[PDB]
Amino acid sequence: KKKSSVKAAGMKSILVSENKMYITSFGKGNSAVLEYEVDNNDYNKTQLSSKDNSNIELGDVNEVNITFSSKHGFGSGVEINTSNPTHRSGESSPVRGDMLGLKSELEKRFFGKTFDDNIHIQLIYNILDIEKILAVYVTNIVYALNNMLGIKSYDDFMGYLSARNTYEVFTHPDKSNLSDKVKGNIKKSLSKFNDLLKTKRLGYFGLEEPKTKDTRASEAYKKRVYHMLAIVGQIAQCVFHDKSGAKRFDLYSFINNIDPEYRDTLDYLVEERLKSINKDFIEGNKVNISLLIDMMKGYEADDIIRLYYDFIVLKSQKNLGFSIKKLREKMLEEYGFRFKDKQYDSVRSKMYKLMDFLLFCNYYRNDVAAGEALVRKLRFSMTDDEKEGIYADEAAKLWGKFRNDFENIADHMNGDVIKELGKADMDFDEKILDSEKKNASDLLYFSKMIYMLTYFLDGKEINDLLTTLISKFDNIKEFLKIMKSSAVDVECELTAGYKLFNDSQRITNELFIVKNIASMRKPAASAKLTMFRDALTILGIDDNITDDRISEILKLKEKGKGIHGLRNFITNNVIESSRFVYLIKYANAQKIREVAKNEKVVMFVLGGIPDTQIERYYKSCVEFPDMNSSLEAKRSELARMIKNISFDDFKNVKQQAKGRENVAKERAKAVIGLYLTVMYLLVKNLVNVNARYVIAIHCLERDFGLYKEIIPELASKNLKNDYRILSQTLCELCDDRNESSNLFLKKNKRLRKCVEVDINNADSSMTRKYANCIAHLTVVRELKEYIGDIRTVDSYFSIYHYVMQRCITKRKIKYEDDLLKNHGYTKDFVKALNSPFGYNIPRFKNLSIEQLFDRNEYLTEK
Amino acid sequence: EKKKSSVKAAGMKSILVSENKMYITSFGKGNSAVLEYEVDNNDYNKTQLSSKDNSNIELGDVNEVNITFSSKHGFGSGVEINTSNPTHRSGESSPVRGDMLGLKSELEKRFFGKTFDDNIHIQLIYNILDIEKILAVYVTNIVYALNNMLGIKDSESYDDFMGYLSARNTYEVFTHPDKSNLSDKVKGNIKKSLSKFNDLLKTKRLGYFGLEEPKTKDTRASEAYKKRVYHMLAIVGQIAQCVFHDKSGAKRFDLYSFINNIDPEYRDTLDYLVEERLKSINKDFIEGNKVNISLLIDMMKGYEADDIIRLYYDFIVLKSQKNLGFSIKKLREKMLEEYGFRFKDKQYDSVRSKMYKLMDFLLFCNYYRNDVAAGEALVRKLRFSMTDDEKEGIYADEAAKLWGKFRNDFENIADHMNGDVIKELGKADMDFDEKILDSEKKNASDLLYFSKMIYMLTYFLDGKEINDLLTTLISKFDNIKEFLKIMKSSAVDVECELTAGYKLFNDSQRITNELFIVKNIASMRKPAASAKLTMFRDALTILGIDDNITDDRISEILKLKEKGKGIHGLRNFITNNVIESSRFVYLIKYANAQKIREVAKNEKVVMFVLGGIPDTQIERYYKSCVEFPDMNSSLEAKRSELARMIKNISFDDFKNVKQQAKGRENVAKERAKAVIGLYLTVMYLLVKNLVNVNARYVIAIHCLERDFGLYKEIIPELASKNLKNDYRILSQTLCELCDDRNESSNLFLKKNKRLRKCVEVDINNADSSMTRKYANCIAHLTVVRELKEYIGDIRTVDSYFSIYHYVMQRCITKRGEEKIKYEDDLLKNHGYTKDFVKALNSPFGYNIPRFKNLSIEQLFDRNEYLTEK
RNA sequence: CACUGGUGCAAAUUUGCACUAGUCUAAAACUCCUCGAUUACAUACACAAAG
RNA sequence: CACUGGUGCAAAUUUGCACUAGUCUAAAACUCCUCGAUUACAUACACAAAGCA
Ligand SMILES: [Mg+2]
Ligand SMILES: [Mg+2]
């Protein structure tokens, strides 16, 4: 695969105004450098960049081509030719519209008027991306909270919550002046809130009820939990339509408009995390700081301390424009293969932090130019191999300069030294970090709200949500900046709902810090009896087991020291496992254990895992390994082990193992790690496939509201009655009269009629069931029921479609007969169910055809 | 930037002018001339002499004022180039241009016995004049080095030792003058030289020239050794007699003939020196190069092993890779700079010369054998190139193509470049017969005596001196052979019979090839000699030791008397890092160890030398030499630290060095080697630059004596004049003739009245006494000898030229006579006087470019002020 | 920041500038080989050890 | 193995190919930050211990 020569050469964007064109080049990060202004009529050019700032030299410009060359050596200064974007056939305007044709309507909603430019729409599409990611996360969180109850038919208790109602009104609905019917809705949802608290399952999210029976602390805890759930419910109302087809418009303003008590909760949660990190930070990191201060002979100790705090909390090394971790991995891969020995496994995080910090200070302070040089090389790179080679070449240069330092760090990486350093006094003052320290008061409420949301998410979910949000705010701030520049000077005033986007630069910086602090391991909640039941059940246990029996086996009631080995082993390897929490939150322990019985599903997951990893698992988990075993034999053994696992296998585990006792203990931990990882891989992949469908539904509801204003035919229609209405209406018009604003259907007749055939196969009832199943994660909920039937498991996509197809046809549909017959998903059934997304051709083809669905599959394809 | 002549770039080598014809030549391979056209100077009719295949240029219109031509090979896509017709000159009746000096007719008579109405013979003669200029520099340096060795006291007798030697006397006459039939005065003069010769042998300093006396004291071996030394010294004295005049203004004319006319014992010595060198290279060459030959045979799949071995012998001894028309070293350097940065890693430092030989050998076979056409194309692009940046671009583009071809081979070479692999290849039994090289080996009998004489001269020289003398000689011989070949061709057919003393030049083609081999073998590291106590005293003294130290103390400190195992670490460390350093040998040869150590204390002088060194190199020196180095230090702070280290160095700092160091002790030993290396380099840079400055003045004196002798034949007013009586006589006489008689012989003076009047003011500012003292100081390297005496007095050390002139001016003004008028300003200023330089250089005024270049600091060095204008 | 030829502009006293050449100038003609040069260089890896 | 521009080919037509772009397509603009991912991740070496309605 080759990257764009225009992107590589340094050309970031060509913005089109009414009679002018603005050309930008890449600045640091996502910064745009205004280079030239070009008149669209006589092609006159004005350079806007300074000679020092300029990255590209503009050559001839004509109606069809733009010519430029890099000022920094890309392709040795060779001329590059790109299309003049104003040049399009059968289009009068130089500025193009969106494929959906909603550009004018969207500009009105966001800026209050239409514009003869393509800049505002680009910013608006970025905001739409934020809503798409929020819709996926709100759906997942709402489902997990419902699953925590054990719903059984979907009464969504999140639905009756309102961030508008204070905790007092929520606890006392008949103690206010609200609609009689409203009072009733609160009661129903207040019951479920008390039910959820009863389960103790909120402990999984780090939300632990108070140890004391203090009514004050208890109500304080309940009030914070109520605010979090109400805020989640409020976000869901903003990105999903109700039965009336209406959505709240205060997604970006509500956190600052609602009662201030909610803000106190957001402040409390952030303060709790920031206060612990900020308290005696030097004392808390004295080991690594002391080693760094001795090693970094060129630096002042207070400067090293300030840099280390940034490295931990601000993570400035993640804003260099290159991966420091990738450089460290390359160094160890080719030179430091010694540091990869199992001997350093116990100290691997600490060692990597020291190595990463030395590399960080090298490019952030000592050699900034080298960092900028490396970014330019990576930007100029045209293939993945070239990029890997650039990291490899730089690793060689880094190894020559730090190999002695890395070896010194390796020498200090041992319990003796680390324990000694921990005891050692650090003669340092607390107030050195007074300037660098970040506090809750320094963050906007929207950023604090995103931090709060992270409580319900695992590490990957936090990374995916925060990285997407940070990228969108970063793009939105750049667009506002270009528009407000003297050279461009376009109006761009956001309407009342979107005033938040004026602080996009601050939000991008704050969200970055939130991603860092949210990724840190939360203080563990005390393991509850319910958690122990989930842990025993996932492993395999008697369906009839009682709470009294579980407590006796784990000696939960008994008081004493060293008699809780089994309880400790289950807590350390199961309850505290991120994979286990993900499985409990989105699935059910008993159903997961049953699904694990299926070798076909298990083998499919095992097949995905790399061969060397499978070999490591085989060596670690099998008591009597067959050395001459084939890779398929190793996968089969691992699969059989997962099939026969049970709680009974770990009843005699010795937490305090000594000598060869350790061998059995280590084997038991490896087996549980492998079992939890495989089940987690299956459930996570299914939730991820489902998220693509959540996006389509969110877009369809969103697009319906936008088209409705510009399509008179849709005026009486309700989406909930028939999800196929947007694609159906748009299709007919195309065939009807060159009348359509949707470029996808209008431009492609074959793609327009293709969707029609699919729309006809569908029905209002089926599509409604599909929309409900997508939002309710029914495919994960009913995985055990139909998963066993599947004849062959070859993709998550095929697994998801078969289960959904069984849930939809359950008690007719035309495809039901071939479905139960074939024991495989029906492709045409998929196109039919996806018919409501026909209007968006790329989304419809990506979600309908397996080969196009996953960006990571079929890399070896031309 | 600087642009090359488009005429040269397009392919026109020269326009030879005869009485009625013009011959146009283009560039063939290397220095070869391709006769392209004959043009009649009257009707401008043209005849093509070149074949269609050989032709490199197409001649367009030719008229009285201009010549139009274009390249047949794509220069400027066939653009018309316009050059002046050389026969068109204002105020000149003849189509044939004269030399600036007006000595063309006299020079033609000296070399050919008659004058010629052509510009060809003179061009050949100017090449011969170039050979004499370079020889004048080297003999002056060798004679000074021999005098320095004697620890001379600069008495009346500088010339006694070398001056009284005669190549016409055998070793027997020189050693027993009383038994000769020579005159009583001559016998007396021989005894003064014999006494100095015995003094030279007594010093035991000849080991510095690789002329170590035999270990055994048998008379036969000792007499054979002394005889060889006498032959070498007599030959050097003979050469000095040929390029410099005596008190009477007389010089020998047998420079090119004497080696073949003197006693055969002299030729035996030349054969012995060459044979010793060639026999060691020739004996078991395959076994001696088995590591590289074994690796190359495994790698070079398309070549037979015997072919690789023959090519490898050529690569080491013949160096055919240095005759390709482009630099293999430059191509290899570019490849490493851009794509092979891993190869530049410090892990390869110990095997770098071997690794480079392997890489360079692959590039050599690629252009010499596999892709000859690629090499020819590369030469054409380089000839066509108009600027240095264009040339660098051509090398860079070719390097990119070579990297694609040779990346796997270069990686394979690097994989083998380690001690374990080299050690194993070293132990392997190589089944290749030495007889494979029977037809390729060069022997002493294959070389002319003149070539052997040049080899002999190399004993007295360092590597840079050998490269400078040999490259200059090879280039002049290459030019002379081309002019002779052109003249003897059927198309030109001009007589060109050299007179008897110059018949050697008939063999110029053979001499050019032989000197090339001499350059290769002479640049070969000589076998380490046995360090004498004298050398240990020089090494300890240069490092810094108390002046009263005794021979016994030195023998005691280094355990020279003691016999044992592992007790000689300090002696070995001094030998490996000081005695064996060519920088140290150069310093001892041209200066004294004690004076150099004293000069090293002048931080201003050290800072000036350190200032010339590139910043990346200073950073390497700071890292390697300073025990506790500040990371934050500025480049000027780093230079200052290095200068302070040089000022503070002493022998005492190294007395606890352990040769067999380990761990942290080893780091200290490496630091000690680094400090000594930096110290020797800085001092060497200072002394070498001053000797090089002095060489320019030596050339001026050589030219003045040569020019005075030639002008004496055509200027009646110079007939009763003795040059040594007043060095200003040629400049004064030529200027005076121009002003009144309108003398027209010297074009530099006749043409530029303003410059002639300026020279007259400078002659008037000087006098016979000062110019004679200046001539003596230049010939005796007085500036280098007296450097410690006056260098401390300089206020600002700005350049080598200003250092040389300040010291020179202090030497001229020193009392021992009326005060020179420039003395008061010189003493007050603490810097050289520009007017004083012009007055001292006034004897060279007759040659305006030389006078300006030697007088004006800005014009002196071709490598300085590249940006300025 | 040269010297000399050729060829132009311009100044204006006997000037300069520009372009362009020159193996028949200056350590000095293209490409090499060199030198500047530190980065040395060098038929034998480097150390160590010894003649 | 997409979608849409632009630019070429075409002999084959509602078409096809190649090259090439695209933040105004799709989870989808460079470099990051991420994800794929197993290799988890994580202010405090690891272990043990502390962890019931
Ligand atoms: Mg010459
Ligand atoms: Mg987008």
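Just so we're on the same page: letters track the sequence lines, and every chain starts at 1. Side chains included, hydrogens not; waters and symmetry mates left out as well; all remaining heavy atoms used.
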(message) For the adjacent pair D/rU39/D/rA40, please state whether the pyrimidine-type six-membered rings satisfy a centroid distance under 5.5 angstrom and an interplanar angle under 30 degrees.
(response) no
(message) When you compare the side chains of A/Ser276 and A/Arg273, does any donor N or O come within less than 3.5 Å of an acceptor on the partner?
(response) no
(request) Assess whether one donor atom and one acceptor atom, taken from the side chain of A/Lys7 and the base of D/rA29, lie less than 3.5 Å apart. (result) yes
(message) Check for me whether C/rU13 and C/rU14 meet both conditions: six-membered ring centres under 5.5 Å apart and planes under 30°.
(response) yes
(request) Evaluate the base stacking between D/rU34 and its strand neighbour D/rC35 against centres under 5.5 Å and planes under 30°, returning yes or no. (result) yes
(message) Using only modelled atom types and a 3.5 angstrom limit, is any donor from either the side chain of A/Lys12 or the base of D/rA29 paired with an acceptor on the other?
(response) yes
(request) Compare the minimum distances between each of D/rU25, D/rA21, D/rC30 and the side chain of A/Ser5, then state the nucleotide with the smallest one. (result) D/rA21
(message) Suppose we call a contact any N or O donor and acceptor under 3.5 Å apart; does that hold for the side chain of B/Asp468 and the base of C/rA27?
(response) no
(request) Report yes or no: is there a donor-acceptor pair, N or O only, under 3.5 Å between the side chain of B/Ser84 and the base of C/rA21? (result) no
(message) Using only modelled atom types and a 3.5 angstrom limit, is any donor from either the side chain of A/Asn846 or the base of D/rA28 paired with an acceptor on the other?
(response) no
(message) Quick one, D/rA2 with D/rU20, are they a Watson-Crick or G-U pair at under 3.5 Å for both distances?
(response) no
(request) Go through C/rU39, C/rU25, D/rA48 for me and flag the one nearest to the B/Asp99 side chain. (result) C/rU25
(request) Taking only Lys NZ, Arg NE, NH1 and NH2, and the carboxylate oxygens of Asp or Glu, determine whether B/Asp99 and B/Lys104 approach each other closer than 4.0 Å. (result) no
(request) Test for a donor-acceptor pair under 3.5 Å between the base of D/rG51 and the side chain of A/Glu576, counting only N and O atoms. (result) yes
(message) Taking the minimum atom-to-atom distance to the side chain of B/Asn289, which one of C/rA44, C/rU7, D/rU20 wins?
(response) C/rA44
(message) Is it the case that the base of C/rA2 and the side chain of B/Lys869 share a donor-acceptor contact (distance under 3.5 Å, atom types as modelled)?
(response) no
(message) Tell me whether A/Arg567 forms a cation-pi arrangement with A/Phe532, defined as NZ or CZ under 6.0 Å from the six-membered ring centre and within 45 degrees of its axis.
(response) no
(message) Below the 4.0 Å mark, does D/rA50 have OP1 or OP2 next to a side-chain nitrogen or oxygen of A/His564?
(response) yes
(request) Scan side-chain atoms only and decide if A/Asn65 and A/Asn81 contain a donor-acceptor pair under the 3.5 Å cut-off. (result) yes
(request) For the side chain of B/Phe27, starting at C-beta, report the closest nucleotide among C/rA29, C/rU20, C/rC35. (result) C/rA29
(message) Does D/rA12 count as syn, meaning its glycosidic angle lies within 90° of 0, or as anti?
(response) anti
(message) When you compare the side chains of B/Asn31 and B/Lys13, does any donor N or O come within less than 3.5 Å of an acceptor on the partner?
(response) yes
(request) State whether the distance check finds a donor on one side and an acceptor on the other, under 3.5 Å, for side chain A/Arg855 versus base D/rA26. (result) no
(message) If you only use heavy atoms from C-beta on, which nucleotide in D/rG51, C/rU39, C/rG5 is closest to the side chain of A/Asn568?
(response) D/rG51
(message) Give me the atom names and distance for the closest heavy-atom approach of A/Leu681 to A/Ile609.
(response) CD2-CD1, 4.2 Å
(request) Compare side-chain N and O positions of A/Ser4 against OP1 and OP2 of D/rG22 and report whether any pair is under 4.0 Å apart. (result) yes
(message) Does B/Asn119 contact C/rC24 through a side-chain donor or acceptor facing the base, at a distance under 3.5 Å?
(response) yes
(request) Can you figure out which of C/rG22, C/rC3, C/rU20 approaches the side chain of B/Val7 most closely? (result) C/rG22
(message) Taking atom types as they are modelled, would you say the side chain of B/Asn31 forms a donor-acceptor pair with the base of C/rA29 within the 3.5 Å cutoff?
(response) yes
(request) Please work out if the bases of strand neighbours D/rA12 and D/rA11 stack, meaning their six-membered ring centres are under 5.5 Å apart and their ring planes differ by under 30°? (result) no
(request) Could you tell me if D/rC24 and D/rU25 pass the stacking criterion of ring centres under 5.5 Å and planes under 30°? (result) no
(request) Would you indicate what A/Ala8 reaches in the nucleic acid, counting non-hydrogen atoms under 4.0 angstrom: base, sugar-phosphate, or nothing? (result) nothing
(message) Reading RNA chain D from 5' onward, which residue's closest nucleotide shows up sooner: A/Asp854 or A/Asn65?
(response) A/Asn65
(message) Nearest to the B/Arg583 side chain among C/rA40, D/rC3, D/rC32, which nucleotide is it?
(response) C/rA40
(message) Base of D/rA29, side chain of A/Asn126 - is there a donor-acceptor contact under 3.5 Å?
(response) no
(request) For the side chain of B/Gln617, starting at C-beta, report the closest nucleotide among C/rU39, C/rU43, D/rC1. (result) C/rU39
(message) Please confirm whether the shortest side-chain N or O distance from B/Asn467 to OP1 or OP2 of C/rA42 is below 4.0 Å.
(response) no
(message) Please pick, from D/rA48, C/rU43, D/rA29, the nucleotide with the shortest atom-to-atom distance to any side-chain atom of A/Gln655.
(response) D/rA48
(request) Tell me yes or no: between the side chains of B/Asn292 and B/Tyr312, is some donor less than 3.5 Å from an acceptor? (result) yes
(request) Based on the glycosidic angle (syn within 90° of 0, else anti), state the conformation of C/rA27. (result) syn
(request) Figure out the CD1/P separation between B/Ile125 and C/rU25, and round it to whole Å. (result) 12 Å
(request) Report the nucleotide, chosen from D/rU38, C/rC45, C/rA2, that has the shortest atom-to-atom distance to any side-chain atom of B/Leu859. (result) C/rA2
(request) Give me the ring orientation class for B/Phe285 and B/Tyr313: parallel if the planes are under 30° apart, tilted from 30 to 60°, perpendicular past 60°. (result) perpendicular
(message) If you compare every side-chain N and O of B/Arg850 against the phosphate oxygens of C/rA27 (OP1, OP2), does one of them come in below 4.0 Å?
(response) yes
(request) If the glycosidic angle is within 90 degrees of 0 it's syn, otherwise anti, so just tell me which one D/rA28 is. (result) anti
